[PDB]
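Asker: Input file: work29.pdb. Contents: PDB, C-alpha atoms (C1' of nucleotides).
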```
ATOM      1  CA  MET D 543       0.000   0.000   0.000  1.00  0.00           C
ATOM      2  CA  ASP D 544       0.954   3.612  -0.834  1.00  0.00           C
ATOM      3  CA  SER D 545       0.207   4.388   2.874  1.00  0.00           C
ATOM      4  CA  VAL D 546       2.430   1.593   4.349  1.00  0.00           C
ATOM      5  CA  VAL D 547       5.582   1.005   2.287  1.00  0.00           C
ATOM      6  CA  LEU D 548       8.438   3.530   1.661  1.00  0.00           C
ATOM      7  CA  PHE D 549       8.546   3.041  -2.162  1.00  0.00           C
ATOM      8  CA  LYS D 550       6.381   2.257  -5.256  1.00  0.00           C
ATOM      9  CA  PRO D 551       3.856  -0.600  -4.475  1.00  0.00           C
ATOM     10  CA  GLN D 552       2.914  -1.234  -8.112  1.00  0.00           C
ATOM     11  CA  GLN D 553       5.880  -2.064 -10.334  1.00  0.00           C
ATOM     12  CA  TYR D 554       6.638  -5.309 -12.244  1.00  0.00           C
ATOM     13  CA  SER D 555       7.343  -8.340 -10.060  1.00  0.00           C
ATOM     14  CA  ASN D 556       9.134 -11.585 -10.788  1.00  0.00           C
ATOM     15  CA  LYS D 557       7.249 -13.056  -7.751  1.00  0.00           C
ATOM     16  CA  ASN D 558       3.708 -12.262  -8.987  1.00  0.00           C
ATOM     17  CA  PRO D 559       2.461 -14.422 -11.942  1.00  0.00           C
ATOM     18  CA  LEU D 560       3.593 -13.215 -15.366  1.00  0.00           C
ATOM     19  CA  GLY D 561       0.774 -11.691 -17.425  1.00  0.00           C
ATOM     20  CA  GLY D 562      -1.577 -11.729 -14.391  1.00  0.00           C
ATOM     21  CA  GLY D 563      -3.683  -8.822 -13.080  1.00  0.00           C
ATOM     22  CA  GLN D 564      -1.904  -8.937  -9.672  1.00  0.00           C
ATOM     23  CA  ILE D 565       0.238  -5.858 -10.356  1.00  0.00           C
ATOM     24  CA  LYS D 566       0.792  -4.822  -6.655  1.00  0.00           C
ATOM     25  CA  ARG D 567       3.649  -6.614  -4.833  1.00  0.00           C
ATOM     26  CA  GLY D 568       3.420  -8.393  -1.477  1.00  0.00           C
ATOM     27  CA  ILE D 569       4.657  -7.526   2.004  1.00  0.00           C
ATOM     28  CA  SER D 570       4.791  -9.742   5.086  1.00  0.00           C
ATOM     29  CA  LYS D 571       2.622  -8.423   7.909  1.00  0.00           C
ATOM     30  CA  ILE D 572       5.908  -8.159   9.931  1.00  0.00           C
ATOM     31  CA  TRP D 573       7.550  -5.868   7.337  1.00  0.00           C
ATOM     32  CA  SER D 574       4.296  -3.871   7.246  1.00  0.00           C
ATOM     33  CA  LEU D 575       4.760  -2.929  10.960  1.00  0.00           C
ATOM     34  CA  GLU D 576       8.430  -2.158  10.228  1.00  0.00           C
ATOM     35  CA  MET D 577       7.698   0.228   7.326  1.00  0.00           C
ATOM     36  CA  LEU D 578       5.125   1.970   9.595  1.00  0.00           C
ATOM     37  CA  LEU D 579       7.682   2.131  12.465  1.00  0.00           C
ATOM     38  CA  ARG D 580      10.070   3.837   9.964  1.00  0.00           C
ATOM     39  CA  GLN D 581       7.355   6.366   9.030  1.00  0.00           C
ATOM     40  CA  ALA D 582       6.700   6.911  12.772  1.00  0.00           C
ATOM     41  CA  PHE D 583      10.278   7.099  14.147  1.00  0.00           C
ATOM     42  CA  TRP D 584      12.377   8.371  11.162  1.00  0.00           C
ATOM     43  CA  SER D 585       9.545  10.727  10.008  1.00  0.00           C
ATOM     44  CA  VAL D 586      10.069   9.873   6.274  1.00  0.00           C
ATOM     45  CA  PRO D 587       7.348  10.050   3.530  1.00  0.00           C
ATOM     46  CA  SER D 588       5.045   7.076   2.744  1.00  0.00           C
ATOM     47  CA  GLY D 589       5.367   5.604  -0.814  1.00  0.00           C
ATOM     48  CA  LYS D 590       7.804   8.433  -1.790  1.00  0.00           C
ATOM     49  CA  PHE D 591      10.971   7.973   0.313  1.00  0.00           C
ATOM     50  CA  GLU D 592      12.936   6.221  -2.512  1.00  0.00           C
ATOM     51  CA  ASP D 593      12.866   9.493  -4.572  1.00  0.00           C
ATOM     52  CA  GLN D 594      15.041  11.031  -1.799  1.00  0.00           C
ATOM     53  CA  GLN D 595      17.666   8.478  -3.100  1.00  0.00           C
ATOM     54  CA  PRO D 596      18.147   7.053   0.434  1.00  0.00           C
ATOM     55  CA  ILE D 597      21.408   5.171   1.062  1.00  0.00           C
ATOM     56  CA  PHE D 598      21.678   3.475   4.435  1.00  0.00           C
ATOM     57  CA  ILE D 599      24.899   3.057   6.418  1.00  0.00           C
ATOM     58  CA  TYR D 600      24.713   0.286   9.050  1.00  0.00           C
ATOM     59  CA  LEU D 601      27.273   0.497  11.912  1.00  0.00           C
ATOM     60  CA  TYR D 602      27.714  -3.156  12.980  1.00  0.00           C
ATOM     61  CA  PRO D 603      29.984  -4.138  15.965  1.00  0.00           C
ATOM     62  CA  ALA D 604      33.365  -5.872  15.768  1.00  0.00           C
ATOM     63  CA  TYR D 605      31.401  -8.748  17.406  1.00  0.00           C
ATOM     64  CA  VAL D 606      31.041  -7.078  20.869  1.00  0.00           C
ATOM     65  CA  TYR D 607      30.240  -3.646  22.283  1.00  0.00           C
ATOM     66  CA  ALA D 608      30.416  -2.694  25.969  1.00  0.00           C
ATOM     67  CA  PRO D 609      27.265  -0.923  27.405  1.00  0.00           C
ATOM     68  CA  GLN D 610      29.062   2.479  27.280  1.00  0.00           C
ATOM     69  CA  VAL D 611      29.827   1.986  23.541  1.00  0.00           C
ATOM     70  CA  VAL D 612      26.155   1.206  22.719  1.00  0.00           C
ATOM     71  CA  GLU D 613      25.265   4.418  24.606  1.00  0.00           C
ATOM     72  CA  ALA D 614      28.022   6.204  22.596  1.00  0.00           C
ATOM     73  CA  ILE D 615      26.529   4.876  19.305  1.00  0.00           C
ATOM     74  CA  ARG D 616      23.050   6.054  20.477  1.00  0.00           C
ATOM     75  CA  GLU D 617      24.461   9.583  20.933  1.00  0.00           C
ATOM     76  CA  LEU D 618      25.843   9.325  17.362  1.00  0.00           C
ATOM     77  CA  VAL D 619      22.924   7.867  15.332  1.00  0.00           C
ATOM     78  CA  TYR D 620      20.254  10.125  16.915  1.00  0.00           C
ATOM     79  CA  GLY D 621      22.587  13.205  17.022  1.00  0.00           C
ATOM     80  CA  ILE D 622      24.887  13.126  13.927  1.00  0.00           C
ATOM     81  CA  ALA D 623      25.184  16.291  11.815  1.00  0.00           C
ATOM     82  CA  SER D 624      23.975  16.282   8.197  1.00  0.00           C
ATOM     83  CA  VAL D 625      27.352  16.279   6.399  1.00  0.00           C
ATOM     84  CA  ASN D 626      28.296  19.019   3.936  1.00  0.00           C
ATOM     85  CA  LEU D 627      31.452  18.147   2.024  1.00  0.00           C
ATOM     86  CA  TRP D 628      32.481  21.783   1.336  1.00  0.00           C
ATOM     87  CA  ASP D 629      33.820  22.374   4.887  1.00  0.00           C
ATOM     88  CA  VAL D 630      35.225  18.805   5.190  1.00  0.00           C
ATOM     89  CA  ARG D 631      37.271  19.868   2.109  1.00  0.00           C
ATOM     90  CA  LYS D 632      38.119  23.225   3.748  1.00  0.00           C
ATOM     91  CA  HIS D 633      39.349  21.702   7.042  1.00  0.00           C
ATOM     92  CA  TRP D 634      41.559  19.223   5.087  1.00  0.00           C
ATOM     93  CA  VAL D 635      43.262  21.440   2.451  1.00  0.00           C
ATOM     94  CA  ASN D 636      43.903  23.592   5.533  1.00  0.00           C
ATOM     95  CA  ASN D 637      45.709  21.273   8.032  1.00  0.00           C
ATOM     96  CA  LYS D 638      47.924  20.240   5.049  1.00  0.00           C
ATOM     97  CA  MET D 639      45.947  17.051   4.184  1.00  0.00           C
ATOM     98  CA  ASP D 640      46.699  15.382   7.555  1.00  0.00           C
ATOM     99  CA  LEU D 641      43.575  13.203   7.759  1.00  0.00           C
ATOM    100  CA  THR D 642      43.906  13.212  11.587  1.00  0.00           C
ATOM    101  CA  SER D 643      42.406  16.748  11.436  1.00  0.00           C
ATOM    102  CA  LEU D 644      38.996  15.161  10.671  1.00  0.00           C
ATOM    103  CA  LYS D 645      39.032  13.490  14.134  1.00  0.00           C
ATOM    104  CA  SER D 646      38.384  16.893  15.781  1.00  0.00           C
ATOM    105  CA  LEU D 647      35.652  18.493  13.609  1.00  0.00           C
ATOM    106  CA  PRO D 648      32.067  19.018  14.961  1.00  0.00           C
ATOM    107  CA  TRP D 649      30.325  15.859  13.618  1.00  0.00           C
ATOM    108  CA  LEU D 650      27.427  16.039  16.185  1.00  0.00           C
TER     109      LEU D 650
ATOM    110  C1'   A R   1      10.063 -24.622 -13.565  1.00  0.00           C
ATOM    111  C1'   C R   2      18.297 -22.478 -11.597  1.00  0.00           C
ATOM    112  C1'   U R   3      15.540 -16.959  -5.773  1.00  0.00           C
ATOM    113  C1'   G R   4      13.317 -19.936 -12.811  1.00  0.00           C
ATOM    114  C1'   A R   5      11.119 -19.129 -18.357  1.00  0.00           C
ATOM    115  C1'   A R   6      11.431 -13.662 -22.368  1.00  0.00           C
ATOM    116  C1'   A R   7      14.103  -8.745 -20.872  1.00  0.00           C
ATOM    117  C1'   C R   8      17.922  -1.913 -25.344  1.00  0.00           C
ATOM    118  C1'   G R   9      18.224   3.587 -19.523  1.00  0.00           C
ATOM    119  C1'   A R  10      15.706   4.424 -24.370  1.00  0.00           C
ATOM    120  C1'   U R  11      14.083   8.381 -27.643  1.00  0.00           C
ATOM    121  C1'   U R  12      15.846  13.700 -29.581  1.00  0.00           C
ATOM    122  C1'   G R  13      19.680  17.269 -29.621  1.00  0.00           C
ATOM    123  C1'   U R  14      25.504  21.550 -34.082  1.00  0.00           C
ATOM    124  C1'   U R  15      30.338  23.415 -28.341  1.00  0.00           C
ATOM    125  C1'   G R  16      27.197  27.174 -30.162  1.00  0.00           C
ATOM    126  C1'   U R  17      26.941  32.581 -31.227  1.00  0.00           C
ATOM    127  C1'   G R  18      30.669  37.498 -32.834  1.00  0.00           C
ATOM    128  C1'   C R  19      35.663  38.575 -33.881  1.00  0.00           C
ATOM    129  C1'   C R  20      40.637  42.285 -39.521  1.00  0.00           C
ATOM    130  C1'   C R  21      47.459  39.116 -36.951  1.00  0.00           C
ATOM    131  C1'   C R  22      46.007  44.186 -36.228  1.00  0.00           C
ATOM    132  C1'   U R  23      48.789  49.192 -35.826  1.00  0.00           C
ATOM    133  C1'   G R  24      53.787  52.011 -37.904  1.00  0.00           C
ATOM    134  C1'   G R  25      57.927  51.675 -41.327  1.00  0.00           C
ATOM    135  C1'   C R  26      61.730  55.481 -47.726  1.00  0.00           C
ATOM    136  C1'   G R  27      65.939  49.371 -49.787  1.00  0.00           C
ATOM    137  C1'   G R  28      68.158  53.681 -47.496  1.00  0.00           C
ATOM    138  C1'   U R  29      72.911  56.182 -47.781  1.00  0.00           C
ATOM    139  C1'   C R  30      77.726  57.890 -51.024  1.00  0.00           C
ATOM    140  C1'   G R  31      79.439  57.461 -56.152  1.00  0.00           C
ATOM    141  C1'   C R  32      82.071  62.148 -62.875  1.00  0.00           C
ATOM    142  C1'   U R  33      81.311  56.360 -67.824  1.00  0.00           C
ATOM    143  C1'   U R  34      86.185  58.094 -66.078  1.00  0.00           C
ATOM    144  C1'   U R  35      91.446  58.187 -67.952  1.00  0.00           C
ATOM    145  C1'   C R  36      94.672  59.336 -73.451  1.00  0.00           C
ATOM    146  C1'   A R  37      93.970  60.668 -78.464  1.00  0.00           C
ATOM    147  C1'   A R  38      96.271  66.115 -84.347  1.00  0.00           C
ATOM    148  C1'   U R  39      91.038  64.729 -89.462  1.00  0.00           C
ATOM    149  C1'   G R  40      96.101  63.242 -90.192  1.00  0.00           C
ATOM    150  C1'   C R  41      99.777  62.284 -94.207  1.00  0.00           C
ATOM    151  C1'   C R  42     101.182  64.955-100.183  1.00  0.00           C
ATOM    152  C1'   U R  43      99.378  68.404-103.940  1.00  0.00           C
TER     153        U R  43
END
```
Show me this structure written as structure tokens.

Answerer:
Amino acid sequence: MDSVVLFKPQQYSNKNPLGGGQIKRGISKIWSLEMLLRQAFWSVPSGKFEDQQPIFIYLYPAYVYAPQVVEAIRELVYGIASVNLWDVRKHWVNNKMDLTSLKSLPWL
RNA sequence: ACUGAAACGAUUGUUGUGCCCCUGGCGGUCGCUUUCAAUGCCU
């Protein structure tokens, strides 16, 4: 449904029968709660989020995190600044291309 | 039926339009066609 999923509901499917009138794709009732939780807690559009060209970065652990590191990664993923590459450029041609300069910039 | 069978990111499009290798410039300056010569010899 256009009111549930984050992208076009009605495009060609290899999973629906070929030449059939079932033109809408399927979603598990589980993934239907998940797409609605994404509308609710990321505040993204229904049926139209894909046109924002969304690319997702997932920050998986090196097997284990301590409780303080999961709290640190909370403070990041809910608080990270929307990156603009112009000043990341500026703070790196200044500082003589020492990449260690990036460690200190206001990323939050 | 290989999460299968068939599967064009395609169609159209001028690196375009204007533009003076331009302006100025003495082949110039100096230079004796010169030097020597019996219209001559006899009546």

Asker: Convert the output of the PyMOL selection byres ((chain D) within 12 of (chain R)) on the shown file into explicit residues, formatted as a PyMOL selection string.

Answerer: chain D and resi 554+556-557+559-561

Asker: As a PyMOL selection string, please: the residues near segment 593-599 of chain D (cut-off 12 Å, only C-alpha atoms (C1' of nucleotides), same-chain neighbours under 5 positions excluded).

Answerer: chain D and resi 548-550+586-588+619

Asker: Enter the distance from atom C1' of residue 6 of chain R to atom CA of residue 555 of chain D, in Å, rounded to one decimal.

Answerer: 14.0 Å

Asker: Would you compute the distance between atom CA of residue 607 of chain D and atom CA of residue 620 of chain D? Give it in Å to one decimal.

Answerer: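 For atom CA of residue 607 of chain D relative to atom CA of residue 620 of chain D, the distance reads 17.8 Å.
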
Asker: For segment 619-626 of chain D, take all atoms listed in the file, fit an axis-aligned box around them, add 4 Å to each of the six sides, then output centre and edge lengths in Å rounded to one decimal, as AutoDock Vina command-line options.

Answerer:
```
--center_x 24.3 --center_y 13.4 --center_z 10.5 --size_x 16.0 --size_y 19.2 --size_z 21.1
```

Asker: Enumerate, as a ChimeraX atom specification, the residues matched when the PyMOL selection byres ((chain D and resi 623) around 7) is run on the file above.

Answerer: /D:621-622,624-625,649-650

Asker: To one decimal in Å, tell me the separation between atom CA of residue 617 of chain D and atom CA of residue 578 of chain D.

Answerer: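 Interatomic distance, atom CA of residue 617 of chain D to atom CA of residue 578 of chain D: 23.7 Å.
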
Asker: D:553, D:616, D:644, D:546: which is nearest residue 582 of chain D, counting all atoms listed in the file?

Answerer: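 Looking only at the distances to residue 582 of chain D, the closest residue turns out to be D:546.
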
Asker: Using all atoms listed in the file, which protein or nucleic acid residues come within 8 Å of residue 558 of chain D? Drop anything in the same chain fewer than 6 positions from it, and give the result as an MDAnalysis selection string.

Answerer: chainID D and resid 564:565 567

Asker: Kindly reconstruct segment 614-628 of chain D with N, CA, C and O atoms and present the result as an mmCIF file, in the coordinates of the input.

Answerer:
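Result saved to selection-v3.cif:
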```
data_model
loop_
_atom_site.group_PDB
_atom_site.id
_atom_site.type_symbol
_atom_site.label_atom_id
_atom_site.label_comp_id
_atom_site.auth_asym_id
_atom_site.auth_seq_id
_atom_site.Cartn_x
_atom_site.Cartn_y
_atom_site.Cartn_z
ATOM 1 N N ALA D 614 27.273 5.315 23.478
ATOM 2 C CA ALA D 614 28.022 6.204 22.596
ATOM 3 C C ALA D 614 27.477 6.186 21.159
ATOM 4 O O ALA D 614 27.358 7.224 20.517
ATOM 5 N N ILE D 615 27.098 5.019 20.645
ATOM 6 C CA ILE D 615 26.529 4.876 19.305
ATOM 7 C C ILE D 615 25.078 5.367 19.260
ATOM 8 O O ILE D 615 24.657 5.885 18.228
ATOM 9 N N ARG D 616 24.320 5.326 20.362
ATOM 10 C CA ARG D 616 23.050 6.054 20.477
ATOM 11 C C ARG D 616 23.272 7.546 20.304
ATOM 12 O O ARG D 616 22.621 8.157 19.467
ATOM 13 N N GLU D 617 24.209 8.140 21.034
ATOM 14 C CA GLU D 617 24.461 9.583 20.933
ATOM 15 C C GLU D 617 24.881 9.998 19.524
ATOM 16 O O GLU D 617 24.516 11.084 19.088
ATOM 17 N N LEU D 618 25.558 9.126 18.781
ATOM 18 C CA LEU D 618 25.843 9.325 17.362
ATOM 19 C C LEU D 618 24.588 9.227 16.498
ATOM 20 O O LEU D 618 24.209 10.218 15.883
ATOM 21 N N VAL D 619 23.932 8.069 16.393
ATOM 22 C CA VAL D 619 22.924 7.867 15.332
ATOM 23 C C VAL D 619 21.675 8.732 15.475
ATOM 24 O O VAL D 619 21.037 9.046 14.466
ATOM 25 N N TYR D 620 21.337 9.167 16.686
ATOM 26 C CA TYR D 620 20.254 10.125 16.915
ATOM 27 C C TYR D 620 20.714 11.587 16.866
ATOM 28 O O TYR D 620 19.866 12.474 16.807
ATOM 29 N N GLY D 621 22.020 11.864 16.869
ATOM 30 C CA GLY D 621 22.587 13.205 17.022
ATOM 31 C C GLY D 621 23.569 13.663 15.945
ATOM 32 O O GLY D 621 24.053 14.788 16.021
ATOM 33 N N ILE D 622 23.891 12.833 14.956
ATOM 34 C CA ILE D 622 24.887 13.126 13.927
ATOM 35 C C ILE D 622 24.462 14.273 13.010
ATOM 36 O O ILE D 622 23.308 14.368 12.594
ATOM 37 N N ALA D 623 25.402 15.159 12.698
ATOM 38 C CA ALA D 623 25.184 16.291 11.815
ATOM 39 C C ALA D 623 25.011 15.835 10.368
ATOM 40 O O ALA D 623 25.683 14.922 9.893
ATOM 41 N N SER D 624 24.129 16.501 9.630
ATOM 42 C CA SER D 624 23.975 16.282 8.197
ATOM 43 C C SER D 624 25.192 16.848 7.472
ATOM 44 O O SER D 624 25.372 18.062 7.407
ATOM 45 N N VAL D 625 26.034 15.959 6.956
ATOM 46 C CA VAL D 625 27.352 16.279 6.399
ATOM 47 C C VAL D 625 27.249 17.166 5.170
ATOM 48 O O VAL D 625 26.458 16.902 4.265
ATOM 49 N N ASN D 626 28.088 18.193 5.110
ATOM 50 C CA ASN D 626 28.296 19.019 3.936
ATOM 51 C C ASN D 626 29.778 18.980 3.580
ATOM 52 O O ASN D 626 30.637 19.357 4.367
ATOM 53 N N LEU D 627 30.084 18.490 2.386
ATOM 54 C CA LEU D 627 31.452 18.147 2.024
ATOM 55 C C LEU D 627 32.328 19.378 1.791
ATOM 56 O O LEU D 627 33.544 19.279 1.901
ATOM 57 N N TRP D 628 31.741 20.550 1.554
ATOM 58 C CA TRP D 628 32.481 21.783 1.336
ATOM 59 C C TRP D 628 33.422 22.137 2.487
ATOM 60 O O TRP D 628 34.568 22.505 2.229
#
```
